[PDB]
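Quick setup: one chain, the form deposited without its partner chain, written in structure tokens, and binding and motion questions come after.
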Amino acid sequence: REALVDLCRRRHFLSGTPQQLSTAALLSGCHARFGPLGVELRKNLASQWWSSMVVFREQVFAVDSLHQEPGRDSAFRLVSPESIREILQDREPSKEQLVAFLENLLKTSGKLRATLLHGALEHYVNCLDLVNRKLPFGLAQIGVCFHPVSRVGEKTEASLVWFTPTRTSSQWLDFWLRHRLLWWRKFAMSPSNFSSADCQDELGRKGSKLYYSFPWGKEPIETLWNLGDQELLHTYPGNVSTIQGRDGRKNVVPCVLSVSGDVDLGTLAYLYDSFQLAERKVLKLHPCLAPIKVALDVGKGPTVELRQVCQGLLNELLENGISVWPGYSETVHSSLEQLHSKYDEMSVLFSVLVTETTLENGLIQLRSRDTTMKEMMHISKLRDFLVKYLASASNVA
């Protein structure tokens, strides 16, 4: 078994049976891929996407849309089982009556969304109103999309749909291309492994794609398209006056750019990127992404007292939203060496050891993932040190 995926499965970044840890299974989205460490890593990534694209941008608003669309091409259809049963009860068929049923399914049944684009379009007229028709602006959503494989794969997509006058659309597309690529790179240990290329679709529309170089090859993690206006006009038949936005004095139907990232594949990219057979394997996930910031353990000494102290430190750090692994809670004894190796595989940023010394003089032993050196710190400072350290890494962007 490949080492990175093996470690990820052992440390609960990935879930699944061993056969589901193949490249094809991991890329298909046909099983829930992530275990608790992975779900947390992915939530951190999604939060960082939200910060960059919605929180820090006044012209981007959140949107939410259904998972199913009116029914498109290969998308699975939603069919009520009660309708099928109704049919299977009646003794006389036909072929006319059955074919009819099947025919009617193919034309009236809703279908699973393949992208988040249609949800943004359908909410455009309302956001336009909210912004008093001023262009440009965006609508953003993170949510699951469904993809026929070759079973239906599920992928978490982070979408920005940007509405701008056609005359600035090319400029906007290039701005998003650079910004999005820099966003992926800012969390990477090997930022050159995130690359980009131009592409064009079936219709000749221009776009770009962003890629991560996985061991087996490059996989697209984000696509950016200059869609023009057809999809928007397709959404609002007749009523054109209600979709025109202001470009200064001009009233115009805006051009639509779609900027869509694969949060799941992006999670897997950072897991591969983090792997350092440095020392023993370590996952050096970026501080803002690492699911566990600190681990707390008790050394040789008085069980119940040494744990009362860790509990207090845990509670303090959690009130401050710092994730903590309560190793002190464990029963089985494990060597310091074994602990550090595990924490390193889990991408834990700092490990803290509370000992009889601590009970005497209040000093803890603090070990860093990145340098791997141990320092003595007074328990009273730990919180401020950690709170400050994370804020520093998050400020870098």
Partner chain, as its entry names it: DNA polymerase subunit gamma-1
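Residue numbers count along the first chain shown, from 1.
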Subject >> Between neighbours residue 280 and residue 279, residues that the deposited sequence lists but the model omits >> reply: 10 or more
Subject >> Missing from the model but present in the deposited sequence, between residue 192 and residue 193 >> reply: none
Original post:
Of 163-171 and 95-103, which one has the bigger average CA B-factor?
Top reply: 95-103
Original post:
Mean C-alpha B factor from the entry: is it higher for 210-218 or for 82-90?
Top reply: 82-90
Subject >> Top Cα B factor in the deposited entry, candidates 334, 44, 351, 52 >> reply: 334
Original post:
Which third, lowest, middle or highest, does the CA B-factor of residue 303 fall in along this chain?
Top reply: highest
Subject >> Where the record places residue 70 (Cα B-factor, split into thirds across the chain) >> reply: highest
Subject >> Third of the chain, ranked by Cα B-factor, where residue 8 sits >> reply: lowest
**OP:** Using the B-factors in the PDB entry, rank residue 202's C-alpha atom against the chain and give the third, lowest, middle or highest.
**Re:** highest
Original post:
Of the three thirds of its chain by CA temperature factor, lowest, middle or highest, which one includes residue 187?
Top reply: lowest
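Quick note: we don't show the form solved in complex with its partner chain, though the next part is all about it.
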Original post:
With the partner left out here, if you bring back its partner chain in the deposited bound form, are 165, 172 and 250 all within 4.5 Å of it by some heavy atom?
Top reply: yes
**OP:** Indicate whether residue 158 is a 4.5 Å heavy atom neighbour of its partner chain in the deposited bound form.
**Re:** no
Original post:
Even though its partner chain is not shown here, does residue 135 get within 4.5 Å of it in the deposited bound form, heavy atoms only?
Top reply: yes
Subject >> Interface membership of residue 218, its partner chain in the deposited bound form, 4.5 Å heavy atom rule >> reply: no
Original post:
Do residue 205 and its partner chain share at least one heavy atom pair within 4.5 Å in the deposited bound form?
Top reply: no
